[PDB]
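Participant: Chains as they are written, first to last, in the working numbering: chain P, 2 to 272; chain R, 2 to 95; chain Y, 51 to 96.
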Amino acid sequence: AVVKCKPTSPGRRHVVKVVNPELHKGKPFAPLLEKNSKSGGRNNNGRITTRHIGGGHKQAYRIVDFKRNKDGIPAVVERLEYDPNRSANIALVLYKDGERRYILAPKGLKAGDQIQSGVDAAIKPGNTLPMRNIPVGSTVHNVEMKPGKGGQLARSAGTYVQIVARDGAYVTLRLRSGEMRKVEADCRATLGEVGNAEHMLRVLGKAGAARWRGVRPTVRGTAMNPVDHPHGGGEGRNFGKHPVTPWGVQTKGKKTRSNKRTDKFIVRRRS
Amino acid sequence: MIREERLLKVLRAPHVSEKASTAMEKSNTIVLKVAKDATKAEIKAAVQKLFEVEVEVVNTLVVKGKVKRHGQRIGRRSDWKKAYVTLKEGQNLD
Amino acid sequence: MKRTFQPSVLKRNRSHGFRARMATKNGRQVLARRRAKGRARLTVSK
RNA sequence: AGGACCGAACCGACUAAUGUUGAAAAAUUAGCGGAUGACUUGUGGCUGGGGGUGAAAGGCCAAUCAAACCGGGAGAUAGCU
RNA sequence: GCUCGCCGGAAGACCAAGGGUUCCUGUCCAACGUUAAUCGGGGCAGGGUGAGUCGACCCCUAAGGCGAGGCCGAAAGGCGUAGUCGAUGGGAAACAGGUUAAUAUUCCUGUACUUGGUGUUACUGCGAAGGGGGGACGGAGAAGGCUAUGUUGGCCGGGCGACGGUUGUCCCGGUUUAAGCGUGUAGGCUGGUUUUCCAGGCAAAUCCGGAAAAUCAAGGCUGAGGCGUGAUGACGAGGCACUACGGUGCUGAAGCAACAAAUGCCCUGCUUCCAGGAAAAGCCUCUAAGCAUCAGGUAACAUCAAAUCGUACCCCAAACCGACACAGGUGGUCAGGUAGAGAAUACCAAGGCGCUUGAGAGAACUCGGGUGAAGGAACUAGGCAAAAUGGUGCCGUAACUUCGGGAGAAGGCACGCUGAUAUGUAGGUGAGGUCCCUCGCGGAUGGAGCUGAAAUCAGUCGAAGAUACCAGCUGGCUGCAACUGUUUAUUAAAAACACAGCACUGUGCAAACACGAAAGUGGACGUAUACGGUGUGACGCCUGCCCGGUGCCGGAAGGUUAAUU
């Protein structure tokens, strides 16, 4: 659940922790760790591409099975773990032949619960199977877009996707954006919602928590000199111009999706 | 086993100093200006051939040459290799 | 006051040293110009 | 417990005086802020000039910055001195 | 040489970087040194740096670089796979004493250790580019056990006082000893052992992982420190003989206990938190190919090897970076006594210095200070600067409030020394003795001894007891910004920027956007509870009307309309 904390300093005052008691107090599964190192927002040319990234706490990478494959072997959930990589929680889970794997944690779920992947498997939250075998009207999550590729839709921490219609080789998804999308129906999905659903119910409290999450501060554009932004400069607070990106194209309203390849799949846009 | 040309190449000189004479009279070591590429086994085998003496062990060091000025014109002496060679006991050397 | 030259010979040989010049095309064209001028010290390197 | 308090190292530079051909091409002295953090620091790397980088002052990028430095066009041009 | 003064968490000692002979000795004073100069980091000559164990090198990898092929690019070239480099991180091993003018964990003495061959003999499944384990990791907090170390007593040696007293509860000095080896302790972690099976670990695997079944809770791992040995040794106050007055040679007592005690060790621990905390190798183990009674594997022993390079000296500076023998900058390590909470500060030890012009005189005036009648901000743009407050314990403490604060609010009281309580108390530590004991580095009791606050009462001194150094000025109203932060290196630290929070908007993933002629990369190994851009800036109450204008979004009936034909 949430807590507010008592305001026994400034900048403790407005904080909300999301705490979860049953997340596993101790070190994660050291096969399925690996290293990931930080970009600082900088590509292989070393220029900053995506600004306002840097710093923050050192993070390892949990390798998480989205692709999700061990079909008709039952597994049982060992434990739930924090993941610093991603907004949801993960589950360390244990198959009958003694592979352990990391999954996303679905919403109901706890230690000792039984999961099964693939086509037979019983339609409980956690289970994964093709969505020609999902019955229509289910909430599912961690959703393949191409078959075999792995779960790309609804991963973060309180979301899920609606299955609206199935016409032959395709199903139709109501996404979390409120898009409607045709996806080929031999894609996999996992039942139920993704777990840590009060994740938005945090608030951060101070600048330091944003810095530990590795977010360098954002200078807004009208502060600058007009060499630096389009918005820049002017005596006192002036801004007699239409609001743009720093490379000078419109940001309130103007649509940017250009991809004519995928446009047969988009049934309806968001609104 | 090291070639006779190389063994005759290695030793340049005995070195004369107070520290040379005191180490000779006390701890039974000679000191040699040797070749600057000469290794410890080369020095040991060379002196064991070439003064027919028994040696314990050899320590080397590199001397770095000083920087001088012959009048105005600046100038550097050569580096060279300096070998502390202790003999086995009751070996004399001339 | 921390002045600008703050030496270390690893950084010096990595930045202006001989193989650093010799790796790239214009860095050779440094060494072409310094030979053709006739410099006694070619690179920075001891 | 804490971007908590007081306060050394450390980091910084708010006030005054001196200094202004200085001990110093920005410091000393007396006080001053932070001092477990958005801290500070060593070593190495990466980002190159209409470019970088910037908790944004047009700041900084080798005592140089409303476009670094070096060489070249180049003896630019100069109705001006 | 005798005094004096200064530093002493440094102005001492040691490393890394950086420098490059500045180190030591002889010799010289032309130049250099802000003066003289016999002196020197100056000139000239000679000497001086010794390693299996220190470091580099080497093995391993991070960021990152290069990059066979490959992809892309007018050319140049860009990116990148296999790889191969790249420490600032991981990986084997030496300490004590002595020695030179200058080196020493390198040389000498004593005592060890590590890794590789080789060769024996004993034994018999060896083998990897692969599997598994391990290496292997955060912040904060908390004690407990210790140690470095210090203090006191004991012991040993010396002393009996320049001037009153000082054979004593007197003064001074010393009271040191490592690595290794053996023991395995406080502690911490973990249930072990056997048997069977198995969709997993790219193939295999006796190894791991997972399922069973049986048996015993006592077995394994780790581990400071102590103890014994090292050590009948070395060292050792001092003495005794010579003297190149520099020092040399010889001899050499005591060498214990108690208490205190780290920020060092156990501790890569434990507890807690969220912001969830490198890799690879050495190492352990498994088997694959292969071999085959060989090779190899491990065991003791014997023997050989451990190359090369650096090693002087400066290192918070006269030797490095600042043009200077420059009030500057410069990372890490050691951390004594008294008082003190303290690495503050004061005086000191060890140690090191007196800052490379002196000598007078004692005008104005300048600078740094001390004090001041009476007044107390009248000065002034402005209490600028000065002055003033300052510690600990206890009492007490307002408006307002987001209930946390405000608040150390304000303000006041006690403070030294001596005695008694109490020949030193509460407390801490804890020997003998005794008992138990599966027997020890054991468990009880027992308190010797040592250390030791805090308070009360009484007395006493001074003008003054937080006496020096050190060490908040306080209150009221109000503008602005919520706050901690950030900023114009070198005239601006703010109301400027940032910020948590909010709102709009874009973006369905080969996303949007950005750097890129492109490949490619960031975003992100993330997936609308996510990311980017814009504006606003905690929180409370809110956020009214206008779409005419300019943008933006949607529509496509008509008008206008390019290349093309």
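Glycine is no exception: its CB is placed at the ideal position from the N, C-alpha and C atoms.
(1) Going by the CB atoms, is the gap between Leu-202/P and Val-16/P shorter than 7 Å?
(2) Would you check if the distance between the CB atom of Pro-227/P and the CB atom of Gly-234/P is smaller than 7 Å?
(3) Are there 16 or more other CB atoms within 10 angstroms of the CB of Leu-62/R, so buried, or fewer, so exposed?
(4) Leaving out five residues on either side along the sequence, give the residues of the same chain with a beta carbon under 8 Å from the beta carbon of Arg-69/P.
(5) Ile-91/P bridges to which residues according to DSSP?
(6) With distances taken Cα to Cα, identify the nearest neighbour of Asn-37/P among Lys-7/P, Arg-212/P, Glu-100/P, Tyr-62/P.
(7) At which residues does the alpha helix (DSSP H) containing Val-11/R begin and terminate?
(8) Got a sec, what are the start and stop residues for the alpha helix (DSSP H) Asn-76/Y sits in?
(9) Output yes or no for whether 7 Å exceeds the beta carbon distance between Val-35/R and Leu-12/R.
(10) Do you know how far the Cα of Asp-80/R is from the Cα of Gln-56/Y?
(11) Should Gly-76/R and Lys-67/R be called a contact, given that it needs their Cβ atoms to be closer than 7 Å?
(12) The alpha helix (DSSP H) with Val-16/P in it runs from where to where?
(13) Considering just the uninterrupted stretch of the alpha helix (DSSP H) at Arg-212/P, what are its terminal residues?
(14) Determine the direct distance from the alpha carbon of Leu-8/R to that of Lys-37/R, and round the result to whole angstroms.
(15) Assuming contact is defined by CB atoms lying nearer than 7 Å, are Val-64/R and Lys-83/R in contact in what I supplied?
(16) For the alpha helix (DSSP H) containing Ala-46/R, list its first residue and its last residue.
(17) Please state the DSSP three-state secondary structure of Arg-64/Y.
(18) With H, G and I counted as helix, E and B as strand and the rest as coil, what does DSSP make of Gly-222/P?
Facilitator: Result, derived from the coordinates:
(1) no
(2) yes
(3) exposed
(4) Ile-104, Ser-118, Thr-129, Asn-143, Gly-151, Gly-152, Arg-189, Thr-191
(5) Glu-82/P, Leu-105/P
(6) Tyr-62/P
(7) 5 to 11
(8) 75 to 87
(9) yes
(10) 30 Å
(11) no
(12) No alpha helix (DSSP H) holds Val-16/P; DSSP gives it neither H nor E.
(13) 208 to 213
(14) 13 Å
(15) yes
(16) 41 to 51
(17) helix
(18) helix
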